[PDB]
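Visitor:
2 protein chains.
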Amino acid sequence: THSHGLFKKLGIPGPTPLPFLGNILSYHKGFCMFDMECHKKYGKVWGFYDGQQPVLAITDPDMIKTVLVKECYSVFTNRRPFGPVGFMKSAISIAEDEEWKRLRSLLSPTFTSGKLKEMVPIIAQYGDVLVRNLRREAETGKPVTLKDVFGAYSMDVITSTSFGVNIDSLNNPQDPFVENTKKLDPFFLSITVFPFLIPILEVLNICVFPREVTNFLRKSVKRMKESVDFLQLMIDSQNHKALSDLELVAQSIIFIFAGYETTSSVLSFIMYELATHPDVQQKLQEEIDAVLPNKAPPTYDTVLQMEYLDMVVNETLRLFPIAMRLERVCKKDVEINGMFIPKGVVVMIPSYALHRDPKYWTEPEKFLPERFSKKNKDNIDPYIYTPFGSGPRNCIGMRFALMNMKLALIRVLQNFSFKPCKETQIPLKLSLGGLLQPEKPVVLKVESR
Amino acid sequence: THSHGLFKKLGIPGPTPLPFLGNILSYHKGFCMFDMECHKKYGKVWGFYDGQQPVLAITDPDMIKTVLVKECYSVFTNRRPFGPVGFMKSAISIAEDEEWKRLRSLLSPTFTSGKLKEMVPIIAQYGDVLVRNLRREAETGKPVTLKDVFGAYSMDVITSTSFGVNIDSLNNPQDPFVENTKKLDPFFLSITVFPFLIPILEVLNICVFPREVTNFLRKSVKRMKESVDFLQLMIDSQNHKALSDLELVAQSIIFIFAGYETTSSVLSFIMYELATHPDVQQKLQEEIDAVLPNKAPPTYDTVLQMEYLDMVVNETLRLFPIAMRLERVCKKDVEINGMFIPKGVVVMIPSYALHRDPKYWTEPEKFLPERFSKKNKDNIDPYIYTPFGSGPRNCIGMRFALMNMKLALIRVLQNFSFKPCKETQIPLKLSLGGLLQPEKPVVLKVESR
Ligand code: HEM
Ligand code: HEM
Numbered sequence: 027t028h029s030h031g032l033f034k035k036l037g038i039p040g041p042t043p044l045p046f047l048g049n050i051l052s053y054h055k056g057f058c059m060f061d062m063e064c065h066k067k068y069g070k071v072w073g074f075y076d077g078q079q080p081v082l083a084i085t086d087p088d089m090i091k092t093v094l095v096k097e098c099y100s101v102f103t104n105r106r107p108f109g110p111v112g113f114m115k116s117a118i119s120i121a122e123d124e125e126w127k128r129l130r131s132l133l134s135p136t137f138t139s140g141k142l143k144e145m146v147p148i149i150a151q152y153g154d155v156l157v158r159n160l161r162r163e164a165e166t167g168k169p170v171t172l173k174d175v176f177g178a179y180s181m182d183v184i185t186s187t188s189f190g191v192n193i194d195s196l197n198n199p200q201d202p203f204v205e206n207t208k209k210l217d218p219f220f221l222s223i224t225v226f227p228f229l230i231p232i233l234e235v236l237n238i239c240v241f242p243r244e245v246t247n248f249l250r251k252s253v254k255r256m257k258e259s269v270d271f272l273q274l275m276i277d278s279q280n287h288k289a290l291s292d293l294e295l296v297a298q299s300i301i302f303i304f305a306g307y308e309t310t311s312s313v314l315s316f317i318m319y320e321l322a323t324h325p326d327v328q329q330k331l332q333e334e335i336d337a338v339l340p341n342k343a344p345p346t347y348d349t350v351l352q353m354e355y356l357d358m359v360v361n362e363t364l365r366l367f368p369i370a371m372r373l374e375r376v377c378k379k380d381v382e383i384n385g386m387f388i389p390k391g392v393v394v395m396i397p398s399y400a401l402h403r404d405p406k407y408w409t410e411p412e413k414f415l416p417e418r419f420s421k422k423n424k425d426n427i428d429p430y431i432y433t434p435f436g437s438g439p440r441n442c443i444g445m446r447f448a449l450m451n452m453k454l455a456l457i458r459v460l461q462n463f464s465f466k467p468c469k470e471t472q473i474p475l476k477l478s479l480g481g482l483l484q485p486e487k488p489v490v491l492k493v494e495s496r
Numbered sequence: 027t028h029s030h031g032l033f034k035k036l037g038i039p040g041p042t043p044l045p046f047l048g049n050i051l052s053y054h055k056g057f058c059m060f061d062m063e064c065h066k067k068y069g070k071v072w073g074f075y076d077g078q079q080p081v082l083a084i085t086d087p088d089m090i091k092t093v094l095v096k097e098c099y100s101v102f103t104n105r106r107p108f109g110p111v112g113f114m115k116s117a118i119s120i121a122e123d124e125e126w127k128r129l130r131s132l133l134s135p136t137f138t139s140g141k142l143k144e145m146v147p148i149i150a151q152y153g154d155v156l157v158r159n160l161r162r163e164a165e166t167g168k169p170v171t172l173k174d175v176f177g178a179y180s181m182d183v184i185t186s187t188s189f190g191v192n193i194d195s196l197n198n199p200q201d202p203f204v205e206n207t208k209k210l217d218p219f220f221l222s223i224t225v226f227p228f229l230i231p232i233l234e235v236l237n238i239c240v241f242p243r244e245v246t247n248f249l250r251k252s253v254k255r256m257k258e259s269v270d271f272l273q274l275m276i277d278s279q280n287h288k289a290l291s292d293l294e295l296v297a298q299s300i301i302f303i304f305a306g307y308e309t310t311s312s313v314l315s316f317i318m319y320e321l322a323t324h325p326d327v328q329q330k331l332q333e334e335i336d337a338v339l340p341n342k343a344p345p346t347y348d349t350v351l352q353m354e355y356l357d358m359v360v361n362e363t364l365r366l367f368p369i370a371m372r373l374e375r376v377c378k379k380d381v382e383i384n385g386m387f388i389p390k391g392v393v394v395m396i397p398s399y400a401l402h403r404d405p406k407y408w409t410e411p412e413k414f415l416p417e418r419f420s421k422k423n424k425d426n427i428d429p430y431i432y433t434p435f436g437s438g439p440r441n442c443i444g445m446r447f448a449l450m451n452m453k454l455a456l457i458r459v460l461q462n463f464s465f466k467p468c469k470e471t472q473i474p475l476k477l478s479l480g481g482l483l484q485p486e487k488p489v490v491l492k493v494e495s496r
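Same order as they appear, the protein sequences are chains G and Y. What the first sequence shows, in UniProt numbering, is residues 27 to 210, 217 to 259, 269 to 280, 287 to 496, in sequence order. What the second sequence shows, in UniProt numbering, is residues 27 to 210, 217 to 259, 269 to 280, 287 to 496, in sequence order.
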C-alpha cells in the first residue's frame, strides 16, 4: 500500500483499495461492469488501483480529446507496459515514444485507401470460400457455430493479406502456416499483482507470445525474402531509418492477432444482432440486393456506398467495443482541463462504459442502427463513441477491418439468412474474463435464399 | 547471453564475456586495474558487460566532450540505475531527465561562491577543533590514524553546514545526530548479475540506504522546520516548481555521503603524499606561513591565493580520483564523433585510467605537484583530467569540497608536521573493492611545530 493514498490526497473519488491487490478483486464481475459501476457512483472522473498501479478514469469528452489528441506526443504517448513481451517490444502497438513514432510512420502508407483497394479482390476470394463452407453446414440443418466459419475466414484473409499464403483453414486442417497461426486469465491477474516479477520472466526467455510460433514465422519470412500483401509492402519499403528483419516479424504477428480475433468476434456479434433483429437483417439484404443486383460481386466502391451496412457495423461496435478501454501512460506531471495528473498514472478511457451511458445514448441496451443514420450521426460525439480509439495512436487498421468485415457480410447475406434456434443464448451474455466475447458461443440457423 | 553480441556486431573490441556474468569476474583485481588493462590492450574505445548490461568505455577527449557537454541534455542525461534506492530516487545525483533538471536548478544557488564565502567562518571553527584533537594524539607519540581525525572533522563540517548542528564527533561519541550520521561488496556484485531482482527488493521496502537513519533525519528536519546552512537555503528557497519536504531530506542525505567519505578519503590521501614527500610538505608550510603570518586564521580570500596548495590538491586528485569513473546512460540511438552508440548502452569515462595514462602524463605514478603550476597547467586537457566530472551534471559541490579541504590543510599544517613511521604502508596500495580508499589505513607520525 505505498501509493494507495494518491487519489485521496488529490481529492479524486474511487473504490477503496485492499493492500497489495488494489481493486483487482472488483474485476470478478468483469471489468466492463466494474467501469459502469464506477461511472455510475463516482461521476465524471475516478481512481482505482491495479495492484499498486494507479489508474485514473476520465469520461469528459474534452479531457478525452486533450489526452488522445492534443497532448499525445508530449505527455500521453504510450500504453501501459504488460507481462513478459520479449522481442515483441518492437511491435508497433507495444513500442513507445520515438520508437513507436518511427514504426507508425513506416507502417502508415501500408494502410491507405489506395493499398486497401488493391487488397479487395484478394479478400473477396475468401468471401466466396466462406459462402462455400456456409452452404455445407446449412445442409446439416444443425445450428452453426459462427466463430468457426468466421474464425477460419478471418484467418484466410489475414494469411493472404500479410504473406500471400492462400489457404482454406477450415478444409485444410493442418498446414504448417494454418497450424502455427492456430496455436494462438489467471496469469494476467497474477502479473498485475506481481509486476515486479516481469523482469524475472523476461530474463528466463518466457514470453506471453508462444515462442514456438515466432520461430516458425521468422523462418517463413526467410523462405519468403527472395522466393500485394503486408510483407512486401514492408519489404519493398526497406528497398526515418528503414525497418529491420526482426522488426518485420513483430508487426506481422500483431496483424494476425488483430486480424484474427477482432474480425471474427465482431462478425459474430453482428450476426447475433441480425438474427435477433430479422427486420434489420431483411432491410440490409434489400440494400445489398439493390446495390449489387443478382448476387453481384462486391467491390471497394460498392461497399463504401452501403449506408445501412455501415449503420449496422457502427451500432454493433457501439454495444461491443472489443478493446473495451483506451489507456495512455502519463509521462510527466501535467494539468489537463482543470485537473492535475501526476507522472506515472495510467489514464483510461472506459469506451465500453461511455458507449452504454444514458447521458449520450437513448435506450443504451437496444440494438438501434438508426442512431447512425445520416440524420442522427451528427449529434454523436467522436470522443464518446471511440471503437477504434482516436488521435495519432488510434487503430491503424480501422479502414482495413471495416472493409474486411463488410465484404464478409455482403457475401454471406447475399446467399443466406440467419435465424435463432434452441441453442442460441438469448439474451447474449458477455464473458467475465478480460476479452470482449460471448459467454456461450453464438449458434444460429442458416437458411439458403 | 542475450546482448553479449553487441560489441562484436558493432566491431568494438573488448574482453570476451561469460554467460550471465559478463566480465564481472575481471573486477577481482579491482575495477580501476580492469580499466587500465582494457585501455592498454584495446586502445581508445572498448566494450564490456556488467552482467547483461553493455558498457562502452571512451578515452578520446573530443568524444568525452560530446558526451559530457555537447550532448548531455539530449542523449546522455542520466547515470545508470542501481540497487534498491526507495525514496532516494528523488536525490539529485540519482534523479533523471526533467526531474534531475528541476533539482539541479533548485540547488545551484546553494553552491555559489557567495554562499560558500558565508560558510567559511563556520567550517573554520572545526578546523580549530581538529587542531585541538590533533595536538592530543600527537602527545601519545603513537602513529595517528588519519581517517579518524579527518572522518570526525568531515562530519563536524557537514553536520553544521547542512543543519546547523554544531558538534565534536570525536569527543561526543554518541549524540543522536552524530550516532545516526555514523551508521552509514558482495551485494553490489549480486545486484549487478541479478538486476532483475531490484524490483523485488523495492517492493519489500529494502533499501541500500539504512532506512533507520532516514526516519531520524525526517524527524530532525521537522524539529527544525520552525524551531546559514544547507537546510535553510533549501527551506528559504521554498519561501520551476518549489521543493517538497521529503525531497528536502533526500538531498541532505546525499550531501552527508559526499561531504563525509569524499572529504575524509581525499584528505588522507593528501597527508600520505605530504608525509612521503617532506620537501612538498615543507614548501607548502612556507607558502602557508607567508600568506598567513604567525598562524593567522584562514579566510576565503587567503585560501584562493595559495597556488602551491591548489597544486597539491589537484595532483592528489590526479592520482586518486575518488569517483574513479564517469558514467552516462545513452537515451537514444546516436552517432558521436564518428561512432554509432545504440540506445541503452552505458558510456563510461575511465577517469582513473586517463589520469594515469602516459599519453598525457609524464611519469604517471609520481606525485609531482609542478604539473599544475601556472606554467604547465595550460597543457592539461580538461577532458582527460576530470576529478569532478564535466558539463551540466558535474560535481555541484566542487567549490565547497575544495574550500573545505584546503581549510583543514592550512590549519593542520600551520601547527603540525607529518612523518611516516613503522606502521605506514609504503608504497600505499589501494583496496580492491568498489571504493577508492587505501588498502591499509594511513597512519603517520604527527609532531607539533
Ligand atoms: C473491429 C476491428 C478492430 C477494432 C475495433 C480495433 C480497435 C482498436 C483500438 C480501440 C485500438 C486502440 C487505439 C487507441 O489506443 O486509441 C487499436 C489499436 C491498433 N490496432 Fe486496431 N482494431 C481492429 C482491427 C485491427 C486490424 C484488422 C488491424 C491491422 C491489420 C489493427 C491494428 C491496430 C494497431 C497497429 C494498433 C496500435 C496502433 C499504435 O499503437 O499506433 N486493428 N485498435
Ligand atoms: C573531493 C571531493 C569531491 C569529489 C572529487 C567529487 C567528485 C564528483 C564527481 C566526479 C561527480 C560526477 C560528475 C559527473 O558525473 O560528471 C560528482 C557528482 C556530484 N557531487 Fe561531488 N565530489 C566531491 C565532493 C562533493 C561534495 C562535498 C558535494 C556536496 C556537498 C558533492 C555533490 C555532488 C553532487 C550533487 C553530484 C551529482 C550532480 C548531479 O547529478 O547533477 N560532491 N562529484
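A virtual CB, placed ideally from N, CA and C, is assigned to each residue, including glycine.
Identify the continuous alpha helix (DSSP H) that holds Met145/G and give its terminal residues.
Guide: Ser139 to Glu165
Visitor: Are the CB atoms of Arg130/G and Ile443/G nearer to each other than 9 Å?
Guide: yes
Visitor: Compute the minimum distance between the beta carbon of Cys442/G and the heavy atoms of ligand 1, and state whether it is under 8 Å.
Guide: yes
Visitor: Looking at the C-beta of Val235/G, does it have a partner C-beta in chain Y at a distance below 9 Å?
Guide: At least one CB of chain Y lies nearer than 9 Å to the CB of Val235/G.
Visitor: How far does the alpha helix (DSSP H) with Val183/G in it reach, from first residue to last?
Guide: That run of the alpha helix (DSSP H) goes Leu172 to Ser188.
Visitor: Can you check whether the CB of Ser478/G is closer than 9 Å to the CB of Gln484/G?
Guide: yes
Visitor: Given a limit of 7 Å on CB to CB distance, which residues of the stretch 356-380 of chain G reach chain Y?
Guide: Those would be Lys379, in chain order.
Visitor: Check this for me: beta carbons of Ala150/Y and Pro345/Y, under 9 Å apart or not?
Guide: yes
Visitor: Between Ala297/Y and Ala117/Y, is the Cβ-Cβ spacing less than 9 Å?
Guide: The answer is yes: Cβ separation under 9 Å.
Visitor: Does the distance between the C-beta of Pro434/Y and the nearest non-hydrogen atom of ligand 2 fall short of 8 Å?
Guide: yes
Visitor: With a threshold of 8 Å (Cβ to nearest heavy atom), would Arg105/Y be considered close to ligand 2?
Guide: yes
Visitor: Spell out whether any CB of chain Y is found under 9 Å from the CB atom of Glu124/G.
Guide: yes
Visitor: For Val225/G, name the three-state secondary structure that DSSP assigns.
Guide: Assignment of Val225/G by DSSP, reduced to helix, strand and coil, places it in the helix class.
Visitor: List the residues of chain Y whose Cβ lies closer than 8 Å to the Cβ of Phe228/G, in chain order.
Guide: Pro231, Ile232, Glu234 and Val235
Visitor: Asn192/G by DSSP, collapsed to three states: which one?
Guide: Here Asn192/G sits in coil by DSSP.
Visitor: Flag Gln79/Y as yes if its beta-carbon sits less than 9 Å from any beta-carbon of chain G, otherwise no.
Guide: no
Visitor: Got a sec: does ligand 2 put a non-hydrogen atom nearer than 8 Å to the Cβ of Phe447/Y?
Guide: yes
Visitor: Exposed or buried, which one is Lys173/G when buried takes at least 16 other CB atoms within 10 Å?
Guide: Buried, since its Cβ has 16 or more Cβ neighbours within 10 Å.
Visitor: In three-state terms, what does DSSP make of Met386/G?
Guide: strand
Visitor: For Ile457/Y, which residues of its own chain have a beta-carbon under 6 Å away from its beta-carbon, when the five flanking residues on both sides are left out?
Guide: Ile335 and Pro345
Visitor: Give the secondary structure of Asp348/G by DSSP, where H, G and I count as helix, E and B as strand, and everything else as coil.
Guide: helix
Visitor: Just to check my reading of the structure: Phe74/G and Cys58/G have Cβ atoms closer than 8 Å, yes? What is that Cβ distance to the nearest angstrom?
Guide: Wrong, their Cβ atoms sit about 14 Å apart, outside the cutoff.
Visitor: Curious, which full-length beta strand (DSSP E) runs of at least 3 residues does the stretch 71-107 of chain G contain?
Guide: Contiguous beta strand (DSSP E) elements confined to the stretch 71-107 of chain G occur at 71-76 and 79-84, taking only those with 3 or more residues.
Visitor: Would you mind reading off the limits of the alpha helix (DSSP H) that contains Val459/Y?
Guide: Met445 to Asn462
Visitor: Are three or more beta carbon pairs between the stretch 346-360 of chain Y and the stretch 392-403 of chain Y nearer than 8 Å?
Guide: no
Visitor: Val269/Y and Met145/Y: beta carbons closer than 9 Å?
Guide: yes
Visitor: Tell me whether the beta-carbon of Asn426/Y lies closer than 9 Å to the beta-carbon of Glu417/Y.
Guide: Taking 9 Å as the Cβ cut-off, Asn426/Y and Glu417/Y do not qualify as a contacting pair.
Visitor: Any heavy atom of ligand 1 closer than 8 Å to the beta-carbon of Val313/G?
Guide: yes
Visitor: To the nearest angstrom, how far is it from the Cα of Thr138/G to the Cα of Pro434/G?
Guide: Take the alpha-carbon of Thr138/G and the one of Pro434/G: they are about 19 Å apart.
Visitor: Return the bridge partner residues of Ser495/G from the DSSP annotation.
Guide: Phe463/G
Visitor: Identify the residues that DSSP records as bridge partners of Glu374/Y: which are they?
Guide: DSSP, once it has assigned bridges, lists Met395/Y as partnering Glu374/Y.
Visitor: Look up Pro439/G in the DSSP assignment and say whether it is helix, strand or coil.
Guide: It is coil, neither helix nor strand.
Visitor: Am I right that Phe447/Y and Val493/Y are in contact with their C-beta atoms under 8 Å? What's the rounded C-beta distance?
Guide: In fact, because the Cβ distance is near 27 Å, the residues do not count as touching under 8 Å.
Visitor: With distances taken Cα to Cα, identify the nearest neighbour of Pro199/Y among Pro474/Y, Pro218/Y, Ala178/Y and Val225/Y.
Guide: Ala178/Y
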